[PDB]
Amino acid sequence: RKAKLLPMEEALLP
Amino acid sequence: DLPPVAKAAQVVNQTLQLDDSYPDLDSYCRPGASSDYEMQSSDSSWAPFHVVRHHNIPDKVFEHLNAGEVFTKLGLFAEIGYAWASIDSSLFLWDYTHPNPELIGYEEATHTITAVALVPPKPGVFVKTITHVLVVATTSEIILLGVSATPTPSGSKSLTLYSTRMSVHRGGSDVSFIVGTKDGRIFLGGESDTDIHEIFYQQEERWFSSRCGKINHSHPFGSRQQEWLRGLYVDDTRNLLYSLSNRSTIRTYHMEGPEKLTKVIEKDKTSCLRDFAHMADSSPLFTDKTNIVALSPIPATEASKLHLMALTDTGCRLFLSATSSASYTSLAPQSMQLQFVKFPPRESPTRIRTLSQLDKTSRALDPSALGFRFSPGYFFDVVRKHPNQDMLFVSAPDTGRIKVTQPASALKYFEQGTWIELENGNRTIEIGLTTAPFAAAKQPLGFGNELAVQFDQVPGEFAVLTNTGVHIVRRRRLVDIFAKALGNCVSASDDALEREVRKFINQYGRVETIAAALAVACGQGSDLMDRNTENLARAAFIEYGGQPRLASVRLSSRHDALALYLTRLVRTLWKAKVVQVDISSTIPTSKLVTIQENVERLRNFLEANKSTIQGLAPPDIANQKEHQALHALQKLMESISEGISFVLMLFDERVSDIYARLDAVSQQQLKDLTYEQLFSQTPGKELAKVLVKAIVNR
């Protein structure tokens, strides 16, 4: 299963 | 004049200083050489390391690996209990501690993956929940992925990946080595040349600058001969970066700023060989034909002068110092010199148990293919004498012998060693530390004192990645060896124990040995018959504990052992402040609980044997002060438990609320209150009486 890559928006602040 | 708990606190303070005076590395690796080893069979109770379990590679990874068209690679993320496998342009991660792991697949990459690494993030860039950055290097680009490795109820990190839009074209230089600094700096090197690159990245997008950039710190030009890298190595404590080349050249770089990297030393194999020739003992194990196969930085916390260990393919450990030209303007070194050599052991591994000059000719570690060093000196060497089977040599400092050695001029690099055999077909790939980095102190003196931290941090464990699985190797403490040895004496005579005990006394000294017996008697090592072992440990504590004598008195080794054990149980507490001002506790509550439990089990042990242990029951001046000294220690123990219970009670309430409705003098007294003062001094007791009296009134 290809790993779900959550978005940049959550990753980097602010 | 001086009450019991204050007398016992004096013993603790002097015991703490004794443990923190454990010799530093520079002091027993002085200029010269050594071949001091005591070898142990891997199945012996005296083995310094042993394999505890193994984890096979998942079958799905074997399916992908044998489905490889051009290129495959394996690696370790030992810090979080994960391994990874790359197949062409595809990458697969998995938790090797899990019995049936699921494969975290990442296949966005378009070209062959040549390197993968897990590094810390740059502060103030990512959300706090992002714990690491995953760097994926291909033949076309380097890719950054956000990582969140949050622990799970089972004890293995849950790994989720985040995209970043951060990437840069690789260029013409291969990337086979990626290392990260504490601050998130990412350095790159490979097998095309000796150049070192750095990847920059930032949160904000700008019209004049991208979110992710790459620069070559080497600034090469003109005529250049063939030479490339075998590895990159970071030392954050000195802001240094080391590279090893295929010609065995060692280059040192200094991070003079958050974005600068300056080459400050370049030492080729000829220079190392010239230093070696100026030493008293030259050897055919190190010549112009010899290759350096690995480096291992030595942090400033461990040693001031010795910066680096270098391993030859003949198994010689070269210890190099580095020094700056001046003392002020981090300060960059400008010179590096081979100072000390640890030559290989002579004993080879055997199926059957086989039966004082410097040994500088042993071939037992020839050829050494891979090598690793972990503080305070744990050494793993992959010896590849045969092309199918690797043999693992593993050694540790003989901490017990180093601590007892007197005078300081007699200090040598004593070691305990063993051979761990891997089955036919096991090719070792990588070895990484799975537990927290070892440190018994914050400076070289005291740093390497394994004995002092036996009960404060778990024994070091190391993941050995092979082409068939991951093997877990665990460091064994004195209490582990002592308990195992006694377990073999359960079915033997009164003289069988005395014989085994004398082995320990001759190596560790009487106090350390009796302290180990006390610890085992109190259940230490049992986190691994057990009643008989603990009863044997009790018998050893009583029978061989000695007695007090006139020289002012010399207390028994039984007393010093009790003081030594108790001190080490509270060493993380004694000199620490109780609170940190929004006021909180310096020591986590969970740590205070375990410490209290250990102190209480020690107290319970003394009570259950008040009649059989010499000095506990009341008894001529010698036995008198023996009774008084032991009594004072027991009063300190109950005071320690009361003190810990008081701190736990305090933070169960709302301390910040209590701290607000308080006078300044009492806020200041609480500000700089230590655990020592709470346990053994009147102002600490009187302050505790204030805080309770404020809690009860509200």
# chains A, B, ... in the order shown; residues from 1 in each chain; ligands from 1
>>> residues_around(residues="segment 1-5 of chain A", least_positions_apart="4", cutoff="8 Å", atoms="only C-alpha atoms", output="list in words")
residues 103, 104, 105, 106, 107, 160, 161, 162 and 163 of chain B
>>> residues_around(residues="residue 9 of chain A", least_positions_apart="4", cutoff="12 Å", atoms="only C-alpha atoms", output="ChimeraX atom specification")
/A:5,13-14 /B:125-127,146,162-165,203-204
>>> residues_around(residues="residue 2 of chain B", least_positions_apart="3", cutoff="12 Å", atoms="only C-alpha atoms", output="list in words")
residues 5, 6, 7, 8, 9, 10, 632, 680, 681 and 682 of chain B
>>> atom_distance(atom1="atom CA of residue 266 of chain B", atom2="atom CA of residue 288 of chain B")
17.3 Å
>>> atom_distance(atom1="atom CA of residue 72 of chain B", atom2="atom CA of residue 180 of chain B")
23.0 Å
>>> residues_around(residues="residue 335 of chain B", least_positions_apart="6", cutoff="8 Å", atoms="only C-alpha atoms", output="list in words")
residues 265, 322, 323, 324 and 325 of chain B
>>> select_by_dssp(residues="segment 284-337 of chain B", states="strand (DSSP E or B)", output="list in words")
residues 292, 293, 294, 295, 296, 297, 306, 307, 308, 309, 310, 311, 312, 317, 318, 319, 320, 321, 322, 323, 335, 336 and 337 of chain B
>>> residues_around(residues="residue 251 of chain B", least_positions_apart="6", cutoff="8 Å", atoms="only C-alpha atoms", output="PyMOL selection string")
chain B and resi 242-244+263-267
>>> write_last_selection(atoms="N, CA and C atoms", output="mmCIF file, in the first residue's frame")
data_model
loop_
_atom_site.group_PDB
_atom_site.id
_atom_site.type_symbol
_atom_site.label_atom_id
_atom_site.label_comp_id
_atom_site.auth_asym_id
_atom_site.auth_seq_id
_atom_site.Cartn_x
_atom_site.Cartn_y
_atom_site.Cartn_z
ATOM 1 N N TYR B 242 33.441 15.071 9.557
ATOM 2 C CA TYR B 242 34.574 14.306 9.051
ATOM 3 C C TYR B 242 34.171 13.538 7.799
ATOM 4 N N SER B 243 35.091 13.446 6.839
ATOM 5 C CA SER B 243 34.934 12.568 5.686
ATOM 6 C C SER B 243 36.114 11.609 5.607
ATOM 7 N N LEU B 244 35.833 10.388 5.161
ATOM 8 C CA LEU B 244 36.844 9.379 4.876
ATOM 9 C C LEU B 244 36.816 9.080 3.385
ATOM 10 N N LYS B 263 36.850 23.644 5.525
ATOM 11 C CA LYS B 263 37.844 22.594 5.700
ATOM 12 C C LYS B 263 39.013 23.139 6.509
ATOM 13 N N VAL B 264 39.359 22.443 7.590
ATOM 14 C CA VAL B 264 40.388 22.912 8.508
ATOM 15 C C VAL B 264 41.535 21.924 8.677
ATOM 16 N N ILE B 265 41.349 20.644 8.363
ATOM 17 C CA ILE B 265 42.423 19.659 8.430
ATOM 18 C C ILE B 265 42.264 18.691 7.269
ATOM 19 N N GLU B 266 43.393 18.287 6.693
ATOM 20 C CA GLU B 266 43.439 17.233 5.682
ATOM 21 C C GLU B 266 44.656 16.376 5.995
ATOM 22 N N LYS B 267 44.424 15.119 6.368
ATOM 23 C CA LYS B 267 45.477 14.216 6.825
ATOM 24 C C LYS B 267 45.400 12.932 6.010
#
>>> atom_distance(atom1="atom CA of residue 525 of chain B", atom2="atom CA of residue 18 of chain B")
24.0 Å
>>> residues_around(residues="residue 506 of chain B", least_positions_apart="4", cutoff="12 Å", atoms="only C-alpha atoms", output="list in words")
residues 400, 401, 404, 405, 499, 500, 501, 502, 510, 511, 512 and 513 of chain B
>>> select_by_dssp(residues="chain A", states="helix (DSSP H, G or I)", output="list in words")
residues 8, 9, 10 and 11 of chain A
>>> decode(residues="chain A", atoms="N, CA, C and O atoms", output="compact mmCIF listing (two decimals), in the first residue's frame")
# COMPACT_ATOMS: atom_id res chain seq x y z
N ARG A 1 0.83 -1.20 0.00
CA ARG A 1 0.00 0.00 0.00
C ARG A 1 0.86 1.26 0.00
O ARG A 1 1.68 1.46 0.90
N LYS A 2 0.68 2.10 -1.02
CA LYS A 2 1.39 3.37 -1.08
C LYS A 2 1.05 4.22 0.14
O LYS A 2 -0.13 4.46 0.43
N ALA A 3 2.08 4.68 0.84
CA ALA A 3 1.88 5.46 2.05
C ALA A 3 1.15 6.76 1.76
O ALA A 3 1.50 7.49 0.82
N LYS A 4 0.13 7.05 2.56
CA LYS A 4 -0.60 8.31 2.45
C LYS A 4 0.30 9.46 2.89
O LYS A 4 0.77 9.48 4.03
N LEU A 5 0.54 10.40 1.98
CA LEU A 5 1.38 11.57 2.26
C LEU A 5 0.47 12.74 2.61
O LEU A 5 -0.13 13.36 1.73
N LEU A 6 0.38 13.05 3.90
CA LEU A 6 -0.43 14.17 4.35
C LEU A 6 0.16 15.48 3.83
O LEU A 6 1.34 15.56 3.51
N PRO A 7 -0.65 16.54 3.76
CA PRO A 7 -0.25 17.72 2.99
C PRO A 7 0.81 18.55 3.69
O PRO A 7 1.07 18.43 4.89
N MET A 8 1.44 19.41 2.89
CA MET A 8 2.42 20.37 3.40
C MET A 8 1.78 21.34 4.38
O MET A 8 2.45 21.82 5.31
N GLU A 9 0.49 21.65 4.20
CA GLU A 9 -0.17 22.65 5.03
C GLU A 9 -0.08 22.29 6.50
O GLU A 9 0.23 23.14 7.35
N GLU A 10 -0.34 21.03 6.84
CA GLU A 10 -0.17 20.58 8.22
C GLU A 10 1.30 20.59 8.61
O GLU A 10 1.67 21.12 9.67
N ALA A 11 2.16 20.01 7.77
CA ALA A 11 3.59 19.88 8.04
C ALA A 11 4.22 21.18 8.54
O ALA A 11 4.59 21.27 9.71
N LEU A 12 4.35 22.18 7.68
CA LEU A 12 5.06 23.39 8.06
C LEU A 12 4.10 24.47 8.54
O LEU A 12 3.02 24.68 7.98
N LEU A 13 4.51 25.13 9.62
CA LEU A 13 3.84 26.28 10.20
C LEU A 13 4.30 27.55 9.48
O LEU A 13 5.24 27.50 8.68
N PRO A 14 3.66 28.69 9.76
CA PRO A 14 2.41 28.87 10.50
C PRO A 14 1.24 29.20 9.57
O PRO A 14 1.49 29.62 8.44
